[PDB]
Amino acid sequence: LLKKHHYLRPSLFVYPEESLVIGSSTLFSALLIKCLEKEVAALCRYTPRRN
DNA sequence: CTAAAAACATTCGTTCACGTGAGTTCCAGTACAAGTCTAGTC
DNA sequence: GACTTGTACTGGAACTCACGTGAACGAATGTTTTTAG
């Protein structure tokens with residue numbers, strides 16, 4: 001359902017960060033593995049900065 | 001009348017200036033430890 | 001106890017990066033008004 005021609009701005013890269021929350025890496029890896037297996041992208045609401 | 005030359009209006013891209021949040025690191029400022037405190041005789 | 005010298009730690013500011021907002025100029029196109037043939 002993700003159309004290639006539906007491009008707005010350059011894409012970014014999201015990587016796990018264990019410095020702040022301990023155990024986030026395991027959940028991130030599991031989510032990545034299962035998304036790859038099931039070929040599904042996670043829909044999210046993004047708020048880069050306050051206000 | 002007629003077309004054409006000039007003027008006017010619009011949208012886009014690039015440039016710049018300013019403001020602001022986030023990450024990195026460099027340094028002034030602070031804290032703390034150690035030494036000094038006069039020179040000589042008997 | 002007061003001064004001086006030397007060493008170690010540390011939070012704030014400088015720098016950079018990236019994004020958003022607003023203002024200005026020129027290119028290219030389209031459209032309207034006016035004037036000579």
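Labels below follow one simple rule: chain letters A, B, ... track the order of the sequence lines, proteins then strands, and each chain is numbered from 1.
Rounding to whole angstrom units, OH of residue A:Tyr15 and P of B:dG23 are separated by 18 Å. For A:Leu8 and C:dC19, the CG to P distance is 13 Å, given to the nearest whole Å. Whole-Å rounding puts the A:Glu17 CD to B:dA22 P distance at 15 Å. With rounding to whole Å, A:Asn51 atom CG is found 18 Å from B:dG19 atom P. Per the geometry, CG belonging to A:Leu12 stands 16 Å off P belonging to B:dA22, to the nearest Å. Between the P atom of B:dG21 and the CZ atom of A:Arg49 lies a distance of 7 Å, rounded to the nearest Å.
Phosphate contact (OP1/OP2 of C:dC19, side-chain N/O of A:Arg9, threshold under 4.0 Å): present.
If you check C:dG1 for Watson-Crick or wobble pairing at under 3.5 angstrom, you find it paired to B:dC37. Both distances falling under 3.5 Å, in either a Watson-Crick or a G-U wobble arrangement, place C:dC17 opposite B:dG21.
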Side-chain polar contacts of residues 16-27 of chain A - donor-acceptor pairs under 3.5 angstrom, sequence neighbours left out - could you list them?
from: A:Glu18; atom 1: OE1; to: A:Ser25; atom 2: N; distance (Å): 3.1
from: A:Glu18; atom 1: OE1; to: A:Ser25; atom 2: OG; distance (Å): 2.8
from: A:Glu18; atom 1: OE2; to: A:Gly23; atom 2: N; distance (Å): 2.9
from: A:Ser24; atom 1: OG; to: A:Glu17; atom 2: O; distance (Å): 3.1
from: A:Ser24; atom 1: OG; to: A:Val21; atom 2: O; distance (Å): 2.9

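Closest non-hydrogen pair, A:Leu12 versus A:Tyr46, comes out as CD1-OH, 4.3 Å.
Note: A:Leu43 CG to A:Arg45 CZ = 10.0 Å, rounded to the nearest 0.5 Å.
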